[PDB]
C-alpha cells in the first residue's frame, strides 16, 4: 500500500528552473528515507541524492549542486528543486523509498516517473488523424485500424482506446522525432473484422504540456 | 568514484535457458551490490540485494552471487516475461552507481508478419501533408525489410521506421513504416505499395492501395 | 557489545561510536537511524579509525 507519485514534469528552457514533487502514502518519511533517481531517455540510471528520515541530505557530487532535495513532513511529500538546467538534464525522474535495511540503501518502492525536457522549442499539441481500416474486400482475419498522432512537442503523449476498455491487441509505437523537430507516432490495434459492423473504436490522445485532449473515432 | 560495468550489453536466449549476467566494479565493494529489473516504460524492480539475498515476491528462478569486484545474476530458467534491461547497483560508497544495463531478449520460433497498408485520411490532406503508413504485425525475428513503391518506383529518403518493444507474452515485435510526402507529390501518383521481406515469408508480401477510392 | 551485524555498507554509516567497556564499536546508520554493532576486525573500520586519529 506504499505509493509514490511524482509530478511537476514538463518542458523547461535551458538555464531555467523546475520543481518536482513526490507524495508518499502508506508510510512515514520520519521512519523511511527517500531517494531521487533519474534516467536519460534510452540511457542508464543515475542516483541523484538521498533524503534520510533523521533527516539530512546526501547528494551525488557530479551534479554540481544544481539540484536541491527537500522535505515537508506535514505533507509527507519530498521535493527536488532543479536549477540552471542543461539539455543533458532531460530525463525521466523517479523517486524511490529506501527499504531501510541495515545493509544500506535499497529501493523497494518506486514512483511512476515524471519527464523533464530541456529545450528552446515551443510547445505544440498533436494533430490526430484516423487510420481507416479499409478491408478492402477481405473480412475473416484480423482487421487493423488506429490513430496518427502527428506533430507535437514535447514528450510524452498518452494514447488509449475506448477509455481503456481495449487492453489487448494495441501497439502504440515510440514517437520518432521528425526533421521539423516535432515528434510523431501511430497507435494501431488489431481487432476481429467481424465487427467493425458493431463495435465502435475511439482513441484517446492526451498531451499535458499542451493542455490538449482529442477524442477521434476511427471508422472504416 | 566506483564505476560499474556489465557484460554482455545484450543477449538472446530461449524459454528455459540458463542465463548469467556479469557485473564488475572498478574497485572493491564487498557484498554491497544489488540487482534491478526494468521493463519498458516502467520503474526498476529490486531483485537481489546484499549480493546473494533474494527479496520477497521475486521468483526464485533469479539468483545472485559474487563479492569484491565480481558479481553475477543468474536466471536459471528463462520465462517470456523476463524480457527487460537488468541493472546492477552499488551501495558501498557514495555516489551510488549503476551499471549501464544488460538487454535480455527471448528467442522463439519464426513468426511471419501480418501486413497492413493505411492511406492518408482526407482530414490530414487539408493541412497539405500526406502520411502513408505500413504496418508489420506480430513477427519474429525483429529483422525485417520494408520498401516503398509509388507507381512501381522505389522510394528513398522519405520513410521512417519505428519498432515496438518485445511482447511479454508471445515475444513478438511490431514495425511501422511512415512514408511522408507533400499534398502536391501525393496527388501526382496512383499505386502506393508496401513490400515486406522477412525470414518467415517464403516470398515477400505486398500490400497496396490506389488513390481517391473509398 | 553483542554480536556483529553482517554486511553493512560503509556509505550507510553516519559515524562510529566506541563504548567504554560495558573493542566495542557501534555504527550509526543513515537510512534508518539505528545503532548497529559493527565488527572491529573489518578492514574499512581499521582504516576509518586511522583517519580520525590523524594517522
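Numbers in chain C track Swiss-Prot; the residues on display, in order, are 32-53, 57-89.
Every residue, even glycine, has its Cβ placed from backbone N, Cα and C.
As annotated by Swiss-Prot, disulfide bond applies to C:32-C:71. For the recorded site, residue C:32 (disulfide bond), the DSSP three-state label reads coil.
DSSP assigns residue C:43 (heparin binding site) to a helical segment in the three-state reduction. Look at Swiss-Prot and you will find C:41, C:42, C:43, C:44, C:45, C:46, C:47, C:48, C:49, C:50, C:51, C:62, C:69, C:85 tagged as heparin binding site.
Spatially close to residue C:45 (heparin binding site) yet at least six residues away along the chain are C:61, C:62, C:63, C:64, judged by Cβ distances under 8 angstroms. What Swiss-Prot lists as site 'Important for integrin interaction and activation' is C:45 (among others).
Swiss-Prot lists C:46 with the feature site 'Important for dimer formation'. The Cβ of residue C:46 (site 'Important for dimer formation') has 10 other Cβ atoms within 10 Å, all protein chains considered.
According to DSSP, residue C:48 (site 'Important for integrin interaction and activation') sits within a strand segment. According to Swiss-Prot, the feature site 'Important for integrin interaction and activation' maps to C:48 (among others).
If you look up Swiss-Prot, you'll see C:60-70 marked as region 'Receptor binding'. Residues 32, 36, 39, 42-50 of the same chain lie 6 or more positions beyond the ends of the region 'Receptor binding' (C:60-70) yet place their CB under 8 Å from a CB of it.
The site 'Important for integrin interaction and activation' annotation in Swiss-Prot covers C:64 (among others), and the record cites experimental evidence as its basis. In the three-state DSSP scheme, residue C:64 (site 'Important for integrin interaction and activation') is classed as coil.
Sparsest Cβ environment among the recorded positions C:41, C:48, C:64 (other Cβ atoms counted within 10 Å): C:48.
Taking every pair among C:41, C:42, C:43, C:44, C:45, C:46, C:47, C:48, C:49, C:50, C:51, C:62, C:69, C:85, the residues listed as contacting heparin, the largest Cα to Cα separation comes to 25 Å. Between residue C:53 and residue C:57, the deposited model skips 3 residues, and the Cα atoms of these two flanking residues are 10 Å apart. In this structure, residue C:71 (disulfide bond) is part of a beta strand by DSSP. The Cβ neighbour count for residue C:49 (heparin binding site), using a 10 Å radius and every protein chain shown, is 11.
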